[PDB]
Every structure is written in C-alpha cells, then in structure tokens.
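Undergrad: Starting off with a structure, shown below.
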Amino acid sequence: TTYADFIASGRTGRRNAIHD
Amino acid sequence: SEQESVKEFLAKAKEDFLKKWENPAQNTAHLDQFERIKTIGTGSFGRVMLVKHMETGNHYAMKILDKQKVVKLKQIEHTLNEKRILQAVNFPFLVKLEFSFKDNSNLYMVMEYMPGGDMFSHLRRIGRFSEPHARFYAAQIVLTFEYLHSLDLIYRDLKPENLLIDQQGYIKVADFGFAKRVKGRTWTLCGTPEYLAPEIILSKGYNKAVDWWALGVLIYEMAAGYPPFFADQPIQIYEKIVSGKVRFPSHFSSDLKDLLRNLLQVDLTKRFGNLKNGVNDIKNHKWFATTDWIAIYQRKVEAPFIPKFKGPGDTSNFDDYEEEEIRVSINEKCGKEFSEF
Ligand SMILES: O=S(=O)(c1cccc2cnccc12)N1CCCNCC1
C-alpha cells in the first residue's frame with residue numbers, strides 16, 4: 001500500500017528546508 | 001456584500017502593517033531577562049528554546065541564530081526579512097513575536113509559546129485527519145494566506161512542521177525564515193522539497209501562487225496521511241512534481257479531489273488562488289461549502305482536537321534535542337550586516 005511505502009521511506013520525520 | 005467587508009478588513013490591516021513595516025521595533029529585551037529551560041525545536045535555520053521571562057513569569061519560545069552561521073549560509077537578507085515581517089504582522093493564526101534583540105554573537109526572536117506541539121507530531125501519530133478535521137485547519141491557512149498576500153508577503157514554507165496547535169486547537173504559523181515582501185516575481189530556490197511548486201523546481205521565476213500549490217500539498221497530506229509526492233530522495237520528489245501526475249486515495253471525496261487538482265495545477269493560468277477571482281475560487285469551492293469563514297477567524301468553530309494541558313511550561317509535546325550552550329563572544333560579529341535587526 002502507499003501508506004506502507006511512505007512509512008518504510010526515509011522521509012517520515014521532520015523535513016528540512018532546502019536552499020542554494 | 002461579503003467581499004466588501006473582507007476588502008475593508010484588509011485595507012485597515014494594511015495600514016496597521018505599513019506603520020510597523022516602515023518603522024520596525026528593535027532591541028526590546030535582553031537575554032539575561034530569560035531563563036533557558038529546554039530546546040524544543042530546530043527551524044529552517046537555528047534552534048528554538050523554551051524560556052521563562054523573569055519579570056512576568058510568562059513562558060516563551062526563543063529562536064537563536066548564530067550570526068556567523070547565517071552569513072555562511074547566505075541567509076542574511078532572509079533573516080532581516082523574517083524579523084521585519086514578523087514584528088509588523090498581526091493575525092490570529094500567526095505566531096506573535098513578543099521581543100527581538102541581538103548580542104555580539106547571536107540574534108534572538110522571542111515568540112509566544114504553544115505547549116501543544118505542532119501538526120506534524122499529531123498528524124504522524126494518528127496517521128491521518130478526517131476530511132472535516134483537515135478542512136478546519138485548511139480554512140485557517142486559506143485566511144492567513146489571504147491576509148499575508150494582501151500585504152504583498154509570500155510565505156514559502158508551508159508544511160505541518162511549521163503549524164503549531166494552540167490551547168484552543170487552532171493553528172499558529174511559526175517560521176518566517178523565507179517570508180518576503182515582493183510585488184511581482186522573485187527567484188530564490190527555497191522551501192521544503194515535498195511542498196515546492198514546479199515553477200520553483202524549474203528555476204522559473206515565481207509569485208504568491210507557490211503558496212497555493214503548497215496548500216494543496218498540505219491538505220492532501222492531512223487527509224491522506226502522506227504527501228502527494230514522496231520518495232527517499234529530493235531529486236526523485238522533483239521528477240514526480242514536474243511530471244504533472246498525481247494520485248488520490250480511494251477514500252478522498254470527489255470534491256476533495258477536485259479542490260486538489262485545481263491547487264496542484266502545474267499550469268499557472270489555471271491554478272486556484274492565482275486567477276481573476278483570487279482566493280474566492282478556493283473559499284467558494286464545494287469542499288468548503290460547510291465552512292463559515294467568519295466563525296473560523298473569530299474562533300467560534302469547535303476544534304476537532306485540543307492538546308492536553310500539562311502546564312504553562314510543559315515540554316512533553318516536543319521531542320528531545322541536543323543542548324548547545326549559548327556562547328556570547330567578547331567581540332562583535334557581523335555588526336554591519338545585521339545593524340537593522
Ligand atoms: O520549536 S518551533 O520551531 C517554534 C517556533 C516558533 C514558535 C514556537 C512556539 N511554541 C512552540 C514551538 C515554536 N516549532 C516546533 C517544530 C519546528 N517548526 C516550527 C515550530
């Protein structure tokens with residue numbers, strides 16, 4: 001399932017802003 | 001009728017903002033007035049600490065920025081934007097800046113403290129919000145963006161991490177590191193990968209419409225429990241964003257889907273919030289038909305969820321972080337670059 005793929009992904013924690 | 005009262009509200013709100021914008025408050029406290037209790041977060045840049053103001057016994061969230069670290073990351077102009085905008089604004093779902101000041105080493109921004117934590121913690125933990133629960137929060141962002149954009153402000157970092165939940169269960173937007181007062185276009189690559197509009201990814205030169213795209217991401221994340229575009233690495237997220245495909249859970253109502261296709265619209269002439277009717281294309285949408293906008297602004301609507309009050313200075317709703325000492329050098333760093341702070 002999509003939920004299962006997200007929860008096993010490396011981006012379920014707090015996400016940092018990006019920049020140049 | 002309705003729209004002329006909104007107009008009147010916003011004209012008065014602009015006069016208020018302009019006075020503070022052209023004449024910013026400055027040096028309104030000192031570090032020694034605050035007792036440092038605990039680090040409760042990290043933002044786009046810097047760290048945020050629970051503190052207690054001695055003279056009142058009020059608790060506050062103080063953001064500390066190392067001026068030398070800010071210069072190296074080329075955030076000088078963005079941090080001046082951030083403090084100048086936040087001291088000037090005033091709206092119920094914007095966190096209030098109470099004091100700002102600086103010393104030889106750091107910049108400080110002391111804000112009202114929300115012990116309930118952010119939407120991120122609560123969303124991840126419960127998995128996903130119901131549609132009514134999601135619309136309650138979305139409505140607050142829609143009005144806040146209505147307020148900010150009327151002042152020529154773009155926000156540029158919407159995500160659950162930046163939305164604090166107050167003791168009434170309403171939102172405060174809590175990080176302005178990328179906020180900017182611009183009429184017309186701007187070009188800086190900034191924001192968070194999952195939330196970036198395609199025009200940002202493609203180095204294209206953009207406006208306020210990227211905030212409405214980010215709203216679509218937020219609503220989707222709140223109602224699905226995951227973001228519309230996700231992968232293990234940012235570049236894989238950017239490909240999905242630019243592709244122009246999006247897939248919705250089978251549980252999304254047909255109205256939600258139709259709101260979201262109009263917010264996550266790659267075509268800027270077709271993206272809701274951007275068109276001739278601006279924000280009213282969103283506010284008058286069917287997904288929002290149940291929403292009473294004045295009752296939301298006034299905080300009369302019953303919140304879906306109210307964080308557990310364990311005290312004025314309780315920190316159990318935030319994670320634990322590494323405690324760095326505040327070191328104030330005996331020499332002034334970066335005086336000229338930050339003189340207006
Ligand atoms: O610690 S915070 O930075 C923070 C910033 C500004 C004001 C705050 C007020 N109360 C709590 C936390 C606050 N925060 C927690 C998650 C990280 N993103 C922003 C919200």
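Each chain in the structure tokens gets a letter, A, B, ..., in the order shown, and its residues are numbered from 1; ligands are numbered from 1 in order too.
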Which chain B residues have any atom within 6 Å of an atom of ligand 1, and for each, what is the nearest pair of atoms with distance in Å to one decimal, counting only C-alpha atoms and all ligand atoms, rows sorted by chain and number, as a Markdown table?
TA:
```
| residue | atom | partner | partner_atom_place_in_ligand_line | distance |
| --- | --- | --- | --- | --- |
| B:40 | CA | ligand 1 | 1 (O) | 4.9 |
| B:41 | CA | ligand 1 | 1 (O) | 3.5 |
| B:42 | CA | ligand 1 | 3 (O) | 5.4 |
| B:43 | CA | ligand 1 | 3 (O) | 5.0 |
| B:48 | CA | ligand 1 | 1 (O) | 4.9 |
| B:61 | CA | ligand 1 | 9 (C) | 4.9 |
| B:111 | CA | ligand 1 | 7 (C) | 5.5 |
| B:112 | CA | ligand 1 | 9 (C) | 5.6 |
| B:113 | CA | ligand 1 | 10 (N) | 3.7 |
| B:114 | CA | ligand 1 | 10 (N) | 3.8 |
| B:115 | CA | ligand 1 | 11 (C) | 6.0 |
| B:118 | CA | ligand 1 | 16 (C) | 5.8 |
| B:161 | CA | ligand 1 | 18 (N) | 4.7 |
| B:162 | CA | ligand 1 | 19 (C) | 4.3 |
| B:164 | CA | ligand 1 | 20 (C) | 6.0 |
| B:174 | CA | ligand 1 | 6 (C) | 4.6 |
| B:175 | CA | ligand 1 | 19 (C) | 5.5 |
```
Undergrad: Residues at most 12 Å from residue 339 of chain B, counting only C-alpha atoms, excluding those fewer than 6 positions away in the same chain, as a ChimeraX atom specification?
TA: /B:26-27,67,76-77,80,101-104,107,332-333
Undergrad: Go ahead and dump the residues you just picked, N, CA, C and O atoms, as a PDB file, in the first residue's frame.
TA:
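Output file again.pdb is given in full below:
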```pdb
ATOM      1  N   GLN B  26      12.695  47.320  17.663  1.00  0.00           N
ATOM      2  CA  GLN B  26      14.079  46.935  17.728  1.00  0.00           C
ATOM      3  C   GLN B  26      14.614  46.941  19.178  1.00  0.00           C
ATOM      4  O   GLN B  26      14.230  47.805  19.975  1.00  0.00           O
ATOM      5  N   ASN B  27      15.426  45.927  19.528  1.00  0.00           N
ATOM      6  CA  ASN B  27      16.099  45.870  20.821  1.00  0.00           C
ATOM      7  C   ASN B  27      15.123  46.050  21.992  1.00  0.00           C
ATOM      8  O   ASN B  27      15.222  46.992  22.766  1.00  0.00           O
ATOM      9  N   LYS B  67      24.866  34.557  14.157  1.00  0.00           N
ATOM     10  CA  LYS B  67      25.088  35.476  13.054  1.00  0.00           C
ATOM     11  C   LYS B  67      26.146  34.989  12.035  1.00  0.00           C
ATOM     12  O   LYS B  67      25.990  35.193  10.850  1.00  0.00           O
ATOM     13  N   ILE B  76      21.507  36.240   5.122  1.00  0.00           N
ATOM     14  CA  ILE B  76      21.470  37.499   5.803  1.00  0.00           C
ATOM     15  C   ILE B  76      20.157  38.199   5.473  1.00  0.00           C
ATOM     16  O   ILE B  76      19.424  38.592   6.369  1.00  0.00           O
ATOM     17  N   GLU B  77      19.884  38.352   4.179  1.00  0.00           N
ATOM     18  CA  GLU B  77      18.748  39.134   3.749  1.00  0.00           C
ATOM     19  C   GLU B  77      17.461  38.427   4.159  1.00  0.00           C
ATOM     20  O   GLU B  77      16.473  39.110   4.456  1.00  0.00           O
ATOM     21  N   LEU B  80      16.798  39.160   8.048  1.00  0.00           N
ATOM     22  CA  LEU B  80      16.269  40.506   8.167  1.00  0.00           C
ATOM     23  C   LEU B  80      14.793  40.565   7.696  1.00  0.00           C
ATOM     24  O   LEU B  80      13.978  41.142   8.406  1.00  0.00           O
ATOM     25  N   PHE B 101      16.017  40.860  19.875  1.00  0.00           N
ATOM     26  CA  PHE B 101      17.259  41.595  20.227  1.00  0.00           C
ATOM     27  C   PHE B 101      18.444  40.789  19.720  1.00  0.00           C
ATOM     28  O   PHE B 101      18.257  39.707  19.212  1.00  0.00           O
ATOM     29  N   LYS B 102      19.652  41.319  19.887  1.00  0.00           N
ATOM     30  CA  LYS B 102      20.857  40.686  19.435  1.00  0.00           C
ATOM     31  C   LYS B 102      22.008  40.965  20.390  1.00  0.00           C
ATOM     32  O   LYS B 102      21.992  41.922  21.147  1.00  0.00           O
ATOM     33  N   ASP B 103      23.043  40.148  20.327  1.00  0.00           N
ATOM     34  CA  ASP B 103      24.240  40.446  21.087  1.00  0.00           C
ATOM     35  C   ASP B 103      25.457  40.272  20.181  1.00  0.00           C
ATOM     36  O   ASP B 103      25.330  40.287  18.943  1.00  0.00           O
ATOM     37  N   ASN B 104      26.642  40.183  20.769  1.00  0.00           N
ATOM     38  CA  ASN B 104      27.843  40.126  19.981  1.00  0.00           C
ATOM     39  C   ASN B 104      27.814  38.934  19.035  1.00  0.00           C
ATOM     40  O   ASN B 104      28.361  39.049  17.958  1.00  0.00           O
ATOM     41  N   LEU B 107      21.434  36.462  17.176  1.00  0.00           N
ATOM     42  CA  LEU B 107      20.156  37.109  17.040  1.00  0.00           C
ATOM     43  C   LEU B 107      19.132  36.290  17.792  1.00  0.00           C
ATOM     44  O   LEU B 107      19.214  35.088  17.807  1.00  0.00           O
ATOM     45  N   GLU B 332      32.196  41.842  18.818  1.00  0.00           N
ATOM     46  CA  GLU B 332      31.021  41.918  17.964  1.00  0.00           C
ATOM     47  C   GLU B 332      31.269  41.321  16.602  1.00  0.00           C
ATOM     48  O   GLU B 332      32.162  41.742  15.893  1.00  0.00           O
ATOM     49  N   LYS B 333      30.416  40.359  16.253  1.00  0.00           N
ATOM     50  CA  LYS B 333      30.399  39.724  14.951  1.00  0.00           C
ATOM     51  C   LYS B 333      29.348  40.369  14.065  1.00  0.00           C
ATOM     52  O   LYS B 333      28.238  40.642  14.513  1.00  0.00           O
TER      53      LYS B 333
END
```
Undergrad: Find the residues of chain A in contact range of chain B, meaning any atom within 8 Å when counting only C-alpha atoms, and list them as a PyMOL selection string.
TA: chain A and resi 3+6+9-12+14-20
Undergrad: Please extract the residues of segment 113-307 of chain B with a backbone DSSP assignment of helix (DSSP H, G or I) and present them as a ChimeraX atom specification.
TA: /B:119-126,131-150,160-162,193-195,198-201,209-224,234-243,254-263,280-283,286-288,293-298
Undergrad: Taking the backbone alone, and naming residues the way the document does, which bits of segment 159-267 of chain B are strand (DSSP E) by DSSP, as a list in words?
TA: residues 163, 164, 165, 171, 172, 173, 180, 181, 190 and 191 of chain B
Undergrad: Would you mind telling me which residue in B:18, B:135, B:106, B:99 lies nearest to residue 292 of chain B when using only C-alpha atoms?
TA: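 Smallest separation from residue 292 of chain B among the options: B:135.
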Undergrad: Tell me, in Å to one decimal, how far atom CA of residue 146 of chain B is from atom CA of residue 281 of chain B.
TA: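 That distance, rounded to one decimal, is 12.1 Å.
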Undergrad: Can you work out which one of B:47, B:53, B:78, B:149 has the shortest atom-to-atom distance to residue 209 of chain B, counting only C-alpha atoms?
TA: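 Result for the nearest residue to residue 209 of chain B: B:149.
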